[PDB]
Structure formats: C-alpha cells, structure tokens
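Take a look at the structure below.
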Amino acid sequence: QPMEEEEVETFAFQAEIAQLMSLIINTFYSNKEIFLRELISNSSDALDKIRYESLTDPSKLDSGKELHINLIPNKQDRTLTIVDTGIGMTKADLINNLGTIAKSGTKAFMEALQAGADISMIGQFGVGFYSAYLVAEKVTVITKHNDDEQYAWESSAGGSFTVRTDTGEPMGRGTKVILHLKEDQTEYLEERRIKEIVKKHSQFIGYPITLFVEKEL
Ligand SMILES: O=C(c1c(O)cc(O)cc1O)n1cccc1
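One rule links them: number in my numbering = place in the sequence shown (from 1) + 7.
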C-alpha cells in the first residue's frame, strides 16, 4: 500500500563526540568558514583511498573513473552540498566512523581548545567532519561504497543520529554531505563566498573542484 517503506535506526553518539558537537554547534567562533576546507579535505582523503585501490585493481572504478569534488549551493532549500566520488562508506563505516566510536582525537581536540588552540586545527585531530555544525543545524550524509547499497546518515546533534537505506537518487560511488544551514549562515550559499574560501584554503587539493549553482525552476 505505501509508496515505500524502510527501516530507520537511531544511534546514540559516543559521549565525547556528543560533547564535541555541542561545543561546536553552540559556541561562537569568528572563522566558521573553515568547515568547507575540512569537508573538502575529507573528500580528498576518500578520493585518495579509492585511487589507491584502483592502482592494483582497476575494476574498483567500474562504479566511476572520474575522481572529483562538487560543491552545490541551493538557496531555495538553504543547503550547501559537498559531493565526492571517493571510496564511500559501508553501513558499518557510517555507524563506526560517524558517531559510535570516539577516536582519541575527539577528547584531545577539546583539550587543545581548552589549552588555547584554535578551532581551525580540528582536522589535525581527525574530527574535522563535525566542523559542519559551525554552519549547519542539520547534516545529512548520503554514501555509496563499492558492492554495498546507498545509505543516508543524519543528525541535528542533540545526542543521536539516524541511518537508513537511501534510494532517492543512486550515486555511482562516493559521499554527499548535505549541510542544512543555520539561518544566519546563508553567506555560504553565495558564489563569491564559496569561490573565495576555496581559493584561500583548498588550493593544494589535487582533484577538480566544481561549483554547481542549483535553482529549482
Ligand atoms: O566517505 C568518506 C567521507 C567523505 O567522502 C567526505 C566526508 O566529509 C567524510 C567522509 O567520511 N570517507 C571514506 C573514507 C574516508 C573518508
């Protein structure tokens, strides 16, 4: 009877990750634009990984040979999406790496901030993904790994995230990070702003970065 039905799982964040998310999403920082550098860096790392695998097994790229990063502002939805064609994540990867297991870098980073370090150093602690919450009230991650199905991870912080199968628009391979922006952070939907941030912070990224300005007609 229903058009579609699917199981949704809700997981609690590991305590230290929940603490980090609360700090990031609530605290004032003057340099919030670093979120985009961090997400592009993550995409680059994911692209390095599938590239590495393809060196010995070319069929790893049967799901797509092009290795690149797309930035997609949608003013109508107030979303900024970062898409890459990297190695992607399995369901276990999402649950393990995006919330339930805290690397030592989670607590370490919060200690560093207490000791006077800057938020911009977050990537050195391996938790730069969570800088998304500097500008986003909700983050949705759509991901597809070879031989696995496509999943959607989502959290508005507040202590938990959800995982479910995603069947909306099939990706060949990779990860989309959809930032649902806070009301006062819509500057990051402007072409001028995105370009200047990429030029300043991501000049050494070794993959094509392409802007797609999205407008529903
Ligand atoms: O899918 C990703 C991925 C991504 O491509 C973008 C991000 O912002 C966060 C991520 O975890 N990875 C897979 C292996 C290493 C990273």
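Every residue gets a Cβ at the ideal spot worked out from N, C-alpha and C, and that includes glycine.
Check: residue 91 C-beta below 7 Å from any heavy atom of ligand 1: Under cutoff, so the answer is yes.
Alpha-carbon to alpha-carbon, residue 89 and residue 72: 18 Å
C-alpha gap between residue 64 and residue 55, whole angstroms: 14 Å
Residue 40 versus residue 186: straight-line alpha-carbon distance, rounded: Inter-residue distance for residue 40 and residue 186 is about 13 Å (C-alpha atoms, whole angstroms).
Whole-angstrom C-beta distance between residue 15 and residue 199, which should lie under 8 Å: That pair is no contact at about 38 Å.
Residues of its chain near residue 115, where Cβ-Cβ distance is below 8 Å and the 5 sequence neighbours each way are ignored: 132
Buried or exposed (CB count within 10 angstroms, at least 16 for buried), residue 59: exposed
Span of the alpha helix (DSSP H), counted from its first residue to its last, around residue 25: Per DSSP, the unbroken alpha helix (DSSP H) holding residue 25 starts and ends at 22-33.
Neighbourhood of residue 53 by C-beta, 8 Å cutoff - its chain only, sequence neighbours within 5 removed: 91, 93, 94, 95, 181 and 182
Check: residue 78 C-beta below 7 Å from any heavy atom of ligand 1: no
beta-carbon residue 50 near ligand 1 non-hydrogen atom, thresh 7 Å: yes
Any non-hydrogen atom of ligand 2 within 7 Å of residue 104 CB: Ligands present in the displayed structure are limited to ligand 1, and ligand 2 is not among them.
Assumed close pair residue 141, residue 36 - CB separation to whole angstroms, cut-off 8 Å: 6 Å
Whole runs of the alpha helix (DSSP H) within the stretch 161-224, excluding any shorter than 4 residues: 198-208
Three-way DSSP call (helix, strand, coil) for residue 82 in this model: If DSSP states are grouped into helix, strand and coil, residue 82 belongs with coil.
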